[PDB]
Amino acid sequence: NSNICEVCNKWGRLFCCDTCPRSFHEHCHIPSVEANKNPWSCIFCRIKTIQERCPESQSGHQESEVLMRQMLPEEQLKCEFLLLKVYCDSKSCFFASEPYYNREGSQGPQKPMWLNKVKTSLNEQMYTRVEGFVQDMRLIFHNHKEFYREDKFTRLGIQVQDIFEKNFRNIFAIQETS
Ligand SMILES: [Zn+2]
Ligand SMILES: [Zn+2]
Ligand SMILES: [Zn+2]
């Protein structure tokens with residue numbers, strides 16, 4: 001197994017996957033690494049199994065159909081994995097915890113949103129459709145762009161949104177277009 005966390009790239013108290021060489025901090029994995037379970041398979045492994053059991057699940061989909069899916073166990077897992085893929089980028093630090101807004105010439109958003117809030121909401125089964133999860137994720141970046149206006153820091157929101165969107169298209173097998 002790897003000797004660093006797959007998500008944050010640090011050493012520490014690591015739980016090792018039984019079916020691949022990845023390792024995780026307890027609360028870096030999503031869902032948090034399960035208490036018992038021998039063997040244990042990480043979220044990467046669980047996603048690969050879904051694909052392997054239903055190869056057709058990789059054929060292209062329309063985003064509008066994906067968003068309307070109910071949050072059954074496989075879609076819950078896919079949104080957990082997509083969230084985890086965003087935490088895998090170090091620039092997610094800027095969006096992880098609760099923001100505050102006091103900048104001359106700007107007003108804070110009406111509905112603040114942040115990664116750990118989405119993480120709690122997934123853990124608490126608060127989303128009934130994929131759309132709920134995706135709307136909160138996109139809101140994070142939209143709030144950031146609007147607040148930071150012409151400051152170059154706006155680019156951090158573009159960068160992390162790009163990571164989200166590329167992973168969304170991969171994980172939910174969105175039909176490729178120009
Ligand atoms: Zn970690
Ligand atoms: Zn694994
Ligand atoms: Zn099948």
# chains A, B, ... in the order shown; residues from 1 in each chain; ligands from 1
>>> residues_near_ligand(ligand="ligand 2", cutoff="10 Å", atoms="only C-alpha atoms and all ligand atoms", output="PyMOL selection string")
chain A and resi 1+16-24+40-48
>>> write_last_selection(atoms="N, CA and C atoms", output="PDB file, in the first residue's frame")
ATOM      1  N   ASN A   1       0.841  -1.255   0.000  1.00  0.00           N
ATOM      2  CA  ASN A   1       0.000   0.000   0.000  1.00  0.00           C
ATOM      3  C   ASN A   1       0.853   1.273   0.000  1.00  0.00           C
ATOM      4  N   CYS A  16      -5.634   1.163   4.950  1.00  0.00           N
ATOM      5  CA  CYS A  16      -5.206   0.688   3.693  1.00  0.00           C
ATOM      6  C   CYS A  16      -6.312  -0.074   2.992  1.00  0.00           C
ATOM      7  N   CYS A  17      -6.460   0.153   1.686  1.00  0.00           N
ATOM      8  CA  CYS A  17      -7.438  -0.595   0.901  1.00  0.00           C
ATOM      9  C   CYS A  17      -6.938  -2.031   0.714  1.00  0.00           C
ATOM     10  N   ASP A  18      -7.859  -2.990   0.827  1.00  0.00           N
ATOM     11  CA  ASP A  18      -7.515  -4.401   0.564  1.00  0.00           C
ATOM     12  C   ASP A  18      -7.445  -4.812  -0.894  1.00  0.00           C
ATOM     13  N   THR A  19      -8.050  -4.060  -1.807  1.00  0.00           N
ATOM     14  CA  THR A  19      -8.097  -4.453  -3.193  1.00  0.00           C
ATOM     15  C   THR A  19      -7.383  -3.559  -4.112  1.00  0.00           C
ATOM     16  N   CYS A  20      -6.742  -2.517  -3.582  1.00  0.00           N
ATOM     17  CA  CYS A  20      -5.863  -1.670  -4.377  1.00  0.00           C
ATOM     18  C   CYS A  20      -4.823  -1.089  -3.403  1.00  0.00           C
ATOM     19  N   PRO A  21      -3.771  -0.460  -3.925  1.00  0.00           N
ATOM     20  CA  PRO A  21      -2.680   0.049  -3.087  1.00  0.00           C
ATOM     21  C   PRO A  21      -2.904   1.436  -2.488  1.00  0.00           C
ATOM     22  N   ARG A  22      -4.103   1.986  -2.618  1.00  0.00           N
ATOM     23  CA  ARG A  22      -4.370   3.270  -1.961  1.00  0.00           C
ATOM     24  C   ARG A  22      -4.510   3.229  -0.464  1.00  0.00           C
ATOM     25  N   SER A  23      -4.189   4.340   0.180  1.00  0.00           N
ATOM     26  CA  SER A  23      -4.419   4.496   1.609  1.00  0.00           C
ATOM     27  C   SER A  23      -5.093   5.823   1.956  1.00  0.00           C
ATOM     28  N   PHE A  24      -5.732   5.926   3.116  1.00  0.00           N
ATOM     29  CA  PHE A  24      -6.546   7.099   3.526  1.00  0.00           C
ATOM     30  C   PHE A  24      -6.522   7.436   4.953  1.00  0.00           C
ATOM     31  N   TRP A  40     -11.570  -4.554   3.527  1.00  0.00           N
ATOM     32  CA  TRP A  40     -12.164  -3.244   3.219  1.00  0.00           C
ATOM     33  C   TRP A  40     -11.760  -2.824   1.817  1.00  0.00           C
ATOM     34  N   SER A  41     -12.730  -2.311   1.063  1.00  0.00           N
ATOM     35  CA  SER A  41     -12.435  -1.809  -0.243  1.00  0.00           C
ATOM     36  C   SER A  41     -12.822  -0.269  -0.229  1.00  0.00           C
ATOM     37  N   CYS A  42     -11.839   0.500  -0.680  1.00  0.00           N
ATOM     38  CA  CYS A  42     -12.009   1.986  -0.848  1.00  0.00           C
ATOM     39  C   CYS A  42     -13.077   2.301  -1.910  1.00  0.00           C
ATOM     40  N   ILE A  43     -13.454   3.587  -1.885  1.00  0.00           N
ATOM     41  CA  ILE A  43     -14.411   4.134  -2.846  1.00  0.00           C
ATOM     42  C   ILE A  43     -13.982   4.008  -4.304  1.00  0.00           C
ATOM     43  N   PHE A  44     -12.687   4.125  -4.658  1.00  0.00           N
ATOM     44  CA  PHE A  44     -12.211   3.910  -5.969  1.00  0.00           C
ATOM     45  C   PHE A  44     -12.561   2.478  -6.438  1.00  0.00           C
ATOM     46  N   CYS A  45     -12.368   1.550  -5.508  1.00  0.00           N
ATOM     47  CA  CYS A  45     -12.571   0.122  -5.812  1.00  0.00           C
ATOM     48  C   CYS A  45     -14.086  -0.128  -6.008  1.00  0.00           C
ATOM     49  N   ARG A  46     -14.892   0.436  -5.119  1.00  0.00           N
ATOM     50  CA  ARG A  46     -16.356   0.297  -5.200  1.00  0.00           C
ATOM     51  C   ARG A  46     -16.924   0.879  -6.470  1.00  0.00           C
ATOM     52  N   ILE A  47     -16.397   2.015  -6.927  1.00  0.00           N
ATOM     53  CA  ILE A  47     -16.828   2.594  -8.203  1.00  0.00           C
ATOM     54  C   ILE A  47     -16.469   1.700  -9.396  1.00  0.00           C
ATOM     55  N   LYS A  48     -15.258   1.204  -9.401  1.00  0.00           N
ATOM     56  CA  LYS A  48     -14.762   0.298 -10.470  1.00  0.00           C
ATOM     57  C   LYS A  48     -15.641  -0.936 -10.494  1.00  0.00           C
TER      58      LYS A  48
END
>>> residues_near_ligand(ligand="ligand 3", cutoff="12 Å", atoms="only C-alpha atoms and all ligand atoms", output="ChimeraX atom specification")
/A:49-59
>>> residues_near_ligand(ligand="ligand 1", cutoff="9 Å", atoms="only C-alpha atoms and all ligand atoms", output="ChimeraX atom specification")
/A:4-14,23-29,88
>>> closest_residue(among="A:144, A:61, A:37, A:129", to="residue 79 in chain A", atoms="only C-alpha atoms")
A:129
>>> select_by_dssp(residues="range 2-172 of chain A", states="alpha helix (DSSP H)", output="PyMOL selection string")
chain A and resi 43-53+63-67+73-87+93-96+115-123+130-148+154-171
>>> atom_distance(atom1="CA of residue 148 in chain A", atom2="CA of residue 85 in chain A")
24.4 Å
>>> select_by_dssp(residues="chain A", states="strand (DSSP E)", output="PyMOL selection string")
chain A and resi 14-16+23-25
>>> residues_around(residues="range 94-100 of chain A", least_positions_apart="6", cutoff="10 Å", atoms="only C-alpha atoms", output="count of residues only")
18
>>> residues_around(residues="residue 145 in chain A", least_positions_apart="6", cutoff="8 Å", atoms="only C-alpha atoms", output="list in words")
residues 154, 155, 157 and 158 of chain A
>>> residues_around(residues="residue 70 in chain A", least_positions_apart="4", cutoff="12 Å", atoms="only C-alpha atoms", output="ChimeraX atom specification")
/A:65-66,74-76,79,125-133
>>> closest_residue(among="A:72, A:35, A:77, A:82", to="residue 165 in chain A", atoms="only C-alpha atoms")
A:82
